[PDB]
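J.: Next comes the structure file final.csv, holding CSV, C-alpha atoms and all ligand atoms.
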```csv
chain,number,residue,atom,x,y,z
M,1,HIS,CA,0.0,0.0,0.0
M,2,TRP,CA,1.2,3.6,-0.8
M,3,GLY,CA,2.9,5.9,1.7
M,4,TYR,CA,5.8,8.4,1.9
M,5,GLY,CA,8.8,6.0,2.4
M,6,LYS,CA,11.6,4.9,0.1
M,7,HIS,CA,9.8,1.8,-1.2
M,8,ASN,CA,6.2,3.1,-1.3
M,9,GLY,CA,6.5,7.0,-1.6
M,10,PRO,CA,5.7,9.5,-4.4
M,11,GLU,CA,8.2,8.1,-7.0
M,12,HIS,CA,6.3,4.8,-6.8
M,13,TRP,CA,2.7,6.0,-7.0
M,14,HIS,CA,2.4,6.0,-10.8
M,15,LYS,CA,2.4,2.2,-10.8
M,16,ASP,CA,-1.0,1.9,-9.0
M,17,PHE,CA,-2.2,5.4,-10.2
M,18,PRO,CA,-0.8,6.1,-13.8
M,19,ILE,CA,-2.4,9.6,-13.8
M,20,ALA,CA,0.5,10.5,-11.5
M,21,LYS,CA,2.3,11.4,-14.8
M,22,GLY,CA,-0.7,13.4,-16.1
M,23,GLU,CA,-1.1,16.8,-17.6
M,24,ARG,CA,-2.5,18.6,-14.5
M,25,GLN,CA,-0.7,17.2,-11.4
M,26,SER,CA,-0.3,18.9,-8.0
M,27,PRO,CA,1.5,20.4,-6.2
M,28,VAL,CA,3.6,22.8,-8.3
M,29,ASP,CA,6.2,25.5,-7.7
M,30,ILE,CA,4.6,28.9,-7.8
M,31,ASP,CA,7.0,31.2,-9.7
M,32,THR,CA,5.8,34.6,-8.4
M,33,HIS,CA,7.3,36.6,-11.2
M,34,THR,CA,5.6,34.5,-13.9
M,35,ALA,CA,2.1,34.3,-12.3
M,36,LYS,CA,-0.1,36.8,-14.0
M,37,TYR,CA,-2.3,39.2,-12.2
M,38,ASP,CA,-5.9,38.6,-13.4
M,39,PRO,CA,-8.1,41.6,-12.7
M,40,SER,CA,-11.1,39.5,-13.7
M,41,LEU,CA,-10.7,37.2,-10.6
M,42,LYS,CA,-13.2,37.7,-7.8
M,43,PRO,CA,-12.5,38.0,-4.1
M,44,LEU,CA,-12.7,34.6,-2.5
M,45,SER,CA,-15.9,34.1,-0.4
M,46,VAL,CA,-15.2,31.9,2.7
M,47,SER,CA,-18.5,31.3,4.7
M,48,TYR,CA,-17.6,29.2,7.8
M,49,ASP,CA,-19.8,30.8,10.5
M,50,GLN,CA,-22.2,27.7,10.5
M,51,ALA,CA,-19.5,25.1,10.3
M,52,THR,CA,-20.1,21.8,12.2
M,53,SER,CA,-16.9,19.8,13.0
M,54,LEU,CA,-17.5,16.1,13.8
M,55,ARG,CA,-14.4,14.0,14.4
M,56,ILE,CA,-10.6,14.1,14.3
M,57,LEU,CA,-9.0,11.1,12.7
M,58,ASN,CA,-5.4,9.6,12.0
M,59,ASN,CA,-5.7,8.0,8.6
M,60,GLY,CA,-2.0,6.7,8.4
M,61,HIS,CA,-1.1,9.5,5.9
M,62,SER,CA,-2.1,12.7,7.8
M,63,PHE,CA,-4.7,13.7,10.5
M,64,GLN,CA,-8.0,15.3,9.5
M,65,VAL,CA,-10.8,17.2,11.0
M,66,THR,CA,-14.2,16.2,9.4
M,67,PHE,CA,-17.2,18.4,9.0
M,68,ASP,CA,-20.9,17.8,8.3
M,69,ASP,CA,-21.2,18.3,4.6
M,70,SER,CA,-25.0,17.2,4.4
M,71,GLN,CA,-26.0,21.0,4.1
M,72,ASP,CA,-24.5,24.3,2.9
M,73,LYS,CA,-23.1,25.3,6.4
M,74,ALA,CA,-19.4,25.9,5.6
M,75,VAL,CA,-19.0,26.9,1.9
M,76,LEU,CA,-16.4,28.3,-0.5
M,77,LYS,CA,-17.6,30.4,-3.5
M,78,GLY,CA,-16.3,33.2,-5.7
M,79,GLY,CA,-12.6,33.6,-6.5
M,80,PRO,CA,-12.0,31.5,-9.6
M,81,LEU,CA,-15.0,29.2,-8.9
M,82,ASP,CA,-18.5,28.8,-10.5
M,83,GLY,CA,-21.0,27.7,-7.9
M,84,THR,CA,-20.9,26.5,-4.4
M,85,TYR,CA,-18.4,24.1,-2.7
M,86,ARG,CA,-19.0,22.4,0.7
M,87,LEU,CA,-16.2,21.9,3.3
M,88,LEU,CA,-15.6,18.2,3.9
M,89,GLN,CA,-12.4,18.2,6.0
M,90,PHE,CA,-9.1,19.8,6.6
M,91,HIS,CA,-5.7,18.2,7.1
M,92,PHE,CA,-2.0,19.1,7.0
M,93,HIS,CA,1.3,18.1,5.4
M,94,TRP,CA,4.6,18.7,7.4
M,95,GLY,CA,8.3,17.9,7.6
M,96,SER,CA,10.8,16.2,9.9
M,97,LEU,CA,12.5,19.7,10.3
M,98,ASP,CA,11.2,23.2,9.6
M,99,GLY,CA,12.9,23.6,6.2
M,100,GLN,CA,10.5,21.2,4.5
M,101,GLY,CA,6.9,20.1,4.8
M,102,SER,CA,4.9,22.1,2.3
M,103,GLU,CA,3.6,20.6,-1.0
M,104,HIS,CA,3.4,23.9,-2.9
M,105,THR,CA,6.6,25.9,-3.0
M,106,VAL,CA,7.0,29.7,-3.7
M,107,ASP,CA,10.0,30.6,-5.8
M,108,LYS,CA,11.4,27.1,-4.7
M,109,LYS,CA,10.9,28.0,-1.0
M,110,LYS,CA,9.5,25.2,1.2
M,111,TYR,CA,7.4,26.1,4.3
M,112,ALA,CA,7.3,24.0,7.4
M,113,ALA,CA,3.8,22.8,6.7
M,114,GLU,CA,0.7,23.2,4.5
M,115,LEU,CA,-2.9,23.3,5.6
M,116,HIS,CA,-5.5,21.9,3.1
M,117,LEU,CA,-9.3,22.7,3.4
M,118,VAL,CA,-11.0,20.3,1.0
M,119,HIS,CA,-14.3,21.3,-0.6
M,120,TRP,CA,-16.6,19.7,-3.2
M,121,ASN,CA,-18.9,21.1,-5.8
M,122,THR,CA,-22.6,20.7,-4.7
M,123,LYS,CA,-23.6,20.3,-8.3
M,124,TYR,CA,-22.3,16.7,-8.2
M,125,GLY,CA,-24.1,15.9,-5.0
M,126,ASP,CA,-21.3,13.8,-3.3
M,127,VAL,CA,-17.6,13.8,-3.1
M,128,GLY,CA,-17.2,10.4,-4.9
M,129,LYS,CA,-18.9,11.9,-7.9
M,130,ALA,CA,-17.1,15.2,-7.6
M,131,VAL,CA,-13.6,13.5,-7.9
M,132,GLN,CA,-14.6,12.2,-11.3
M,133,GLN,CA,-15.0,15.8,-12.7
M,134,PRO,CA,-12.5,18.4,-13.7
M,135,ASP,CA,-14.3,21.1,-11.6
M,136,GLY,CA,-15.3,18.7,-8.8
M,137,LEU,CA,-13.1,20.0,-5.8
M,138,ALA,CA,-11.7,23.2,-4.6
M,139,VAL,CA,-8.8,23.0,-2.1
M,140,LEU,CA,-7.8,26.0,-0.1
M,141,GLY,CA,-4.0,25.8,0.7
M,142,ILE,CA,-2.4,27.8,3.5
M,143,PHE,CA,1.3,27.8,4.3
M,144,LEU,CA,2.6,27.5,7.9
M,145,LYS,CA,5.9,29.1,9.1
M,146,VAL,CA,7.4,28.6,12.5
M,147,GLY,CA,7.5,31.6,14.9
M,148,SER,CA,4.6,32.8,17.1
M,149,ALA,CA,1.9,30.3,18.2
M,150,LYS,CA,-1.5,30.2,16.3
M,151,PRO,CA,-4.1,30.3,19.1
M,152,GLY,CA,-6.8,28.8,16.9
M,153,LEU,CA,-4.7,25.7,16.3
M,154,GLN,CA,-4.1,24.8,19.9
M,155,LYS,CA,-7.4,22.8,20.3
M,156,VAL,CA,-6.3,20.6,17.5
M,157,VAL,CA,-2.7,20.2,18.9
M,158,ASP,CA,-4.0,19.2,22.3
M,159,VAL,CA,-5.9,16.1,21.2
M,160,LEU,CA,-3.2,14.6,18.9
M,161,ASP,CA,-2.0,12.3,21.7
M,162,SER,CA,-5.4,10.6,21.6
M,163,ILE,CA,-5.0,9.7,17.8
M,164,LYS,CA,-1.3,8.7,17.8
M,165,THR,CA,-1.5,5.7,15.5
M,166,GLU,CA,-3.3,4.8,12.3
M,167,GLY,CA,-7.1,4.1,12.8
M,168,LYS,CA,-7.6,6.2,15.8
M,169,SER,CA,-10.3,8.9,16.0
M,170,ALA,CA,-12.0,11.1,18.6
M,171,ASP,CA,-15.0,13.4,19.0
M,172,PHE,CA,-14.1,16.9,17.8
M,173,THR,CA,-17.1,19.1,18.0
M,174,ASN,CA,-17.4,22.9,18.0
M,175,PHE,CA,-14.1,23.6,16.3
M,176,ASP,CA,-14.1,26.9,14.3
M,177,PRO,CA,-11.8,26.8,11.2
M,178,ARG,CA,-11.9,30.6,10.9
M,179,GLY,CA,-9.2,30.6,13.6
M,180,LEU,CA,-6.8,29.0,11.1
M,181,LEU,CA,-7.0,31.7,8.4
M,182,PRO,CA,-4.5,34.5,7.7
M,183,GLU,CA,-5.5,38.2,7.4
M,184,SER,CA,-5.4,38.4,3.7
M,185,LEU,CA,-7.3,36.3,1.2
M,186,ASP,CA,-5.0,37.2,-1.7
M,187,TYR,CA,-4.3,34.0,-3.7
M,188,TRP,CA,-2.8,32.1,-6.6
M,189,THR,CA,-4.9,29.7,-8.6
M,190,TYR,CA,-4.4,27.0,-11.1
M,191,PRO,CA,-6.1,23.7,-12.3
M,192,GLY,CA,-4.6,20.6,-10.7
M,193,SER,CA,-5.1,17.3,-8.9
M,194,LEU,CA,-5.3,15.6,-5.5
M,195,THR,CA,-1.8,15.3,-4.0
M,196,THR,CA,-2.4,11.9,-2.6
M,197,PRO,CA,-3.7,8.7,-4.4
M,198,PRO,CA,-5.9,8.5,-6.3
M,199,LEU,CA,-4.2,11.7,-7.8
M,200,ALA,CA,-7.5,12.5,-9.7
M,201,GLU,CA,-7.4,15.7,-11.9
M,202,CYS,CA,-10.4,17.2,-10.2
M,203,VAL,CA,-9.1,20.2,-8.2
M,204,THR,CA,-9.2,24.0,-8.6
M,205,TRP,CA,-6.3,25.0,-6.3
M,206,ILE,CA,-6.5,28.2,-4.3
M,207,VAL,CA,-3.2,28.9,-2.5
M,208,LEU,CA,-3.1,31.9,-0.1
M,209,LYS,CA,-0.1,34.2,-0.4
M,210,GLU,CA,0.0,35.0,3.4
M,211,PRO,CA,1.3,32.2,5.6
M,212,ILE,CA,0.1,31.7,9.2
M,213,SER,CA,2.7,31.4,12.0
M,214,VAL,CA,2.6,28.4,14.3
M,215,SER,CA,5.0,27.7,17.3
M,216,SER,CA,7.8,25.1,17.4
M,217,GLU,CA,5.8,23.4,20.2
M,218,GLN,CA,2.7,23.1,18.0
M,219,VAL,CA,4.6,21.6,15.0
M,220,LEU,CA,6.5,19.2,17.3
M,221,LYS,CA,3.2,17.7,18.3
M,222,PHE,CA,2.4,17.0,14.6
M,223,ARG,CA,5.7,15.1,14.5
M,224,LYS,CA,4.8,12.8,17.4
M,225,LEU,CA,2.1,11.2,15.3
M,226,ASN,CA,2.8,7.7,13.9
M,227,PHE,CA,2.2,6.4,10.4
M,228,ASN,CA,2.0,2.9,11.9
M,229,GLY,CA,-0.9,1.2,13.7
M,230,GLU,CA,-0.6,0.4,17.4
M,231,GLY,CA,1.5,-2.8,17.9
M,232,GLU,CA,3.6,-2.3,14.7
M,233,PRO,CA,7.1,-0.8,14.6
M,234,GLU,CA,7.0,2.9,15.4
M,235,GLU,CA,7.6,5.2,12.4
M,236,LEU,CA,7.1,8.9,13.0
M,237,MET,CA,4.4,10.6,10.7
M,238,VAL,CA,6.8,13.2,9.2
M,239,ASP,CA,7.6,14.2,5.6
M,240,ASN,CA,4.1,13.4,4.4
M,241,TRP,CA,4.3,15.7,1.4
M,242,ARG,CA,4.4,15.1,-2.4
M,243,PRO,CA,7.2,17.2,-4.2
M,244,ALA,CA,6.4,19.7,-6.9
M,245,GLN,CA,5.3,18.3,-10.2
M,246,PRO,CA,5.8,19.6,-13.8
M,247,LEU,CA,3.6,22.6,-14.6
M,248,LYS,CA,3.3,21.6,-18.3
M,249,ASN,CA,0.7,23.6,-20.2
M,250,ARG,CA,-0.7,25.6,-17.3
M,251,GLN,CA,-1.0,29.2,-16.2
M,252,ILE,CA,-0.9,30.3,-12.5
M,253,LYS,CA,-3.0,33.4,-12.0
M,254,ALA,CA,-2.7,35.9,-9.1
M,255,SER,CA,-5.7,37.7,-7.5
M,256,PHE,CA,-3.4,40.6,-6.5
M,257,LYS,CA,-0.9,43.0,-8.0
M,301,LIG,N1,-3.9,16.6,-0.3
M,301,LIG,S1,-5.3,16.7,-1.0
M,301,LIG,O1,-5.1,16.8,-2.5
M,301,LIG,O2,-6.1,17.6,-0.3
M,301,LIG,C1,-6.0,15.1,-0.8
M,301,LIG,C2,-6.7,14.9,0.5
M,301,LIG,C3,-7.3,13.4,0.7
M,301,LIG,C4,-8.6,13.1,0.1
M,301,LIG,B1,-8.8,11.5,-0.3
M,301,LIG,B2,-9.7,12.1,1.1
M,301,LIG,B3,-10.5,11.1,-0.1
M,301,LIG,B4,-9.9,11.5,-1.7
M,301,LIG,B5,-10.4,13.1,-2.0
M,301,LIG,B6,-11.5,12.1,-1.1
M,301,LIG,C5,-11.2,12.5,0.5
M,301,LIG,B7,-11.2,13.8,-0.6
M,301,LIG,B8,-9.6,14.2,-0.9
M,301,LIG,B9,-10.1,13.9,0.7
M,301,LIG,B10,-8.7,12.8,-1.6
M,302,ZN,ZN,-3.5,17.7,1.3
```
Show me, as C-alpha cells, the structure contained in the file I just sent.

T.:
Amino acid sequence: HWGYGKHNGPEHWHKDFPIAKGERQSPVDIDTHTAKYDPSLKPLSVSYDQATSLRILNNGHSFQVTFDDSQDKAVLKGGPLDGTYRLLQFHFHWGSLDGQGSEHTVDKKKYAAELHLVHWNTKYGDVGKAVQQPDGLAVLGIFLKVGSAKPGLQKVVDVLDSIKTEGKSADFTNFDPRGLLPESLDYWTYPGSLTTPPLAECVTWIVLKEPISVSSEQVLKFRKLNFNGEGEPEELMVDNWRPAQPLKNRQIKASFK
C-alpha cells in the first residue's frame, strides 16, 4: 500500500495510479514573477460561520478534522469558482524539520507545513462523484511558518495524543476553522489534482499568499504522530508531502498586483 517512504512513496505512486504522470498534477512550484495578475478574478468568499466539526482522525497519511457536509453550512464560493463548494475536511502536510513540509513551493521556498481545506462542488451531489469531474473539488491551501503560536490551532494540537496511530479517531465538535486563516485572502490559482492517491485531476487549487505562523511546540506535536498502527514498529508521521510536479501547459493566476 502507498505511503511516503523509500519503497512506497511519491516516486512509486504512478504504478498503481498512472495519472501521476498526467497533464495537470499537483502540487507545483509557484513562480511569483511568472504568475499573471488577473483583474477578472473575484474575491474569495469563505463562509464558515455555521461550520459543524464532527471528528478528528489519524488515517496513516495525515490527520484530518471532518465536517458535516450534508447541508451548505461551511462553503467556499467566488474567486475562480463557479457555484458552491461544501467543506468536507481539513488536514496538514509537514516535515521532519522546519525547512521542508509544504507541498506547494513559492520561488522554490518550502514552508514547514501546509494546511488543506477540502471542498466539493454541490452540483455533483457527493464527493465520490465530484472527484470524477475536472471542476469537482476546490482545495484552499495555507502555508505554515514557525514563529509565534497560532491560538486557533491549539485545540487541534491538544488532542493529537489521543489519535497517535493509524485508525484512531476522537470526538471533535465545536471547532471553528476561521481561527486557522491569515488576514489576507490574496491568492494564486491553477487547475490541478489531488496530491495523494488517487491523484485525480479534479481540483481547482486556491493557494493563499500570506502564511500563518505556528509555534515550534505546535509543530513538534504533529511530529509525534505515527504512520503505523498500534503494535507495529514505530515510524514517525513526518515528511508526508508530495514534491512539486511539472507545470506543463498551465498558467498560474494571481488575484493581486
Ligand atoms: N492533499 S489533498 O489533495 O487535499 C487530498 C486529501 C485526501 C482526500 B482522499 B480524502 B478522499 B480522496 B479526495 B476524497 C477525501 B477527498 B480528498 B479527501 B482525496
Ligand atoms: Zn493535502

J.: Please check which protein, DNA or RNA residues sit within 9 Å of ligand ZN 302 (chain M), counting all atoms listed in the file, and write them as a ChimeraX atom specification.

T.: /M:62,90-93,103,114-118,139,141,194-196,241

J.: Report the distance between CA of residue 11 in chain M and CA of residue 244 in chain M in Å, rounded to one decimal place.

T.: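 Spanning CA of residue 11 in chain M to CA of residue 244 in chain M is a straight-line distance of 11.7 Å.
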
J.: With only C-alpha atoms and all ligand atoms as the atoms that count, which of M:108, M:61, M:257, M:36 lies nearest to ligand LIG 301 (chain M)?

T.: M:61

J.: Which of these residues is nearest to residue 164 in chain M, using all atoms listed in the file: M:227, M:37, M:205, M:17?

T.: M:227

J.: If we count all atoms listed in the file and set the cut-off at 9 Å, which residues sit around residue 228 in chain M, ignoring sequence neighbours fewer than 6 positions away in its own chain? Please answer as a PDB file with C-alpha atoms, keeping the file's coordinate frame.

T.:
```
ATOM      1  CA  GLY M  60      -2.000   6.700   8.400  1.00  0.00           C
ATOM      2  CA  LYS M 164      -1.300   8.700  17.800  1.00  0.00           C
ATOM      3  CA  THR M 165      -1.500   5.700  15.500  1.00  0.00           C
ATOM      4  CA  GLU M 166      -3.300   4.800  12.300  1.00  0.00           C
ATOM      5  CA  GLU M 234       7.000   2.900  15.400  1.00  0.00           C
ATOM      6  CA  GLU M 235       7.600   5.200  12.400  1.00  0.00           C
ATOM      7  CA  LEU M 236       7.100   8.900  13.000  1.00  0.00           C
ATOM      8  CA  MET M 237       4.400  10.600  10.700  1.00  0.00           C
TER       9      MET M 237
END
```

J.: What's around residue 143 in chain M at 9 Å? Count only C-alpha atoms, leave out sequence neighbours fewer than 5 positions away in its own chain, and write the answer as a PyMOL selection string.

T.: chain M and resi 102+104+111-115+207-213

J.: One number please: CA of residue 133 in chain M to CA of residue 78 in chain M, in Å, one decimal.

T.: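 We find that CA of residue 133 in chain M and CA of residue 78 in chain M lie 18.8 Å from each other.
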
J.: Between M:12, M:7, M:86, M:123, which one has atoms that come closest to ligand LIG 301 (chain M), using only C-alpha atoms and all ligand atoms?

T.: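 Residue with the minimum atom-to-atom distance to ligand LIG 301 (chain M): M:86.
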
J.: Return the single residue from M:191, M:39, M:9, M:197 that is closest to ligand LIG 301 (chain M), with distances computed using only C-alpha atoms and all ligand atoms.

T.: M:197

J.: Report, in Å to a single decimal, how far apart CA of residue 169 in chain M and CA of residue 223 in chain M are.

T.: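 Interatomic distance here is 17.2 Å.
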
J.: With all atoms listed in the file as the atoms that count, which of M:251, M:189, M:121, M:89 lies nearest to ligand LIG 301 (chain M)?

T.: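 Among the listed residues, M:89 lies closest to ligand LIG 301 (chain M).
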
J.: Which one of M:155, M:33, M:15, M:145 sits closest to residue 95 in chain M if you count all atoms listed in the file?

T.: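 The answer is M:145, which sits nearest to residue 95 in chain M.
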
J.: Range 152-209 of chain M near range 45-56 of chain M within 6 Å: what's each residue's closest atom pair and its distance in Å to one decimal, counting only C-alpha atoms, ordered by chain then ascending residue number, as a tab-separated table?

T.:
```
residue	atom	partner	partner_atom	distance
M:169	CA	M:56	CA	5.5
M:170	CA	M:56	CA	5.4
M:171	CA	M:55	CA	4.7
M:172	CA	M:55	CA	4.5
M:173	CA	M:53	CA	5.1
M:174	CA	M:53	CA	5.9
M:175	CA	M:53	CA	5.8
```

J.: Taking 4 positions as the minimum chain separation for residues in the same chain, which residues sit within 10 Å of residue 156 in chain M when counting all atoms listed in the file? Answer as JSON, numbers by chain.

T.: {"M": [56, 63, 64, 65, 152, 160, 172, 175, 218, 221, 222]}

J.: Can you pull out every residue within 8 Å of residue 120 in chain M, counting only C-alpha atoms, but drop anything in the same chain fewer than 4 positions away, and send it as number ranges by chain?

T.: M: 85-88, 126-127, 130, 136-138

J.: With a distance cut-off of 12 Å and all atoms listed in the file, select the neighbouring residues of residue 31 in chain M, excluding the residue or stretch itself and same-chain residues fewer than 3 positions from it, and output the selection as a list in words.

T.: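 Skipping anything fewer than 3 positions along the chain leaves residues 28, 34, 35, 36, 104, 105, 106, 107, 108, 109, 188, 244, 247, 251, 252, 253 and 254 of chain M.
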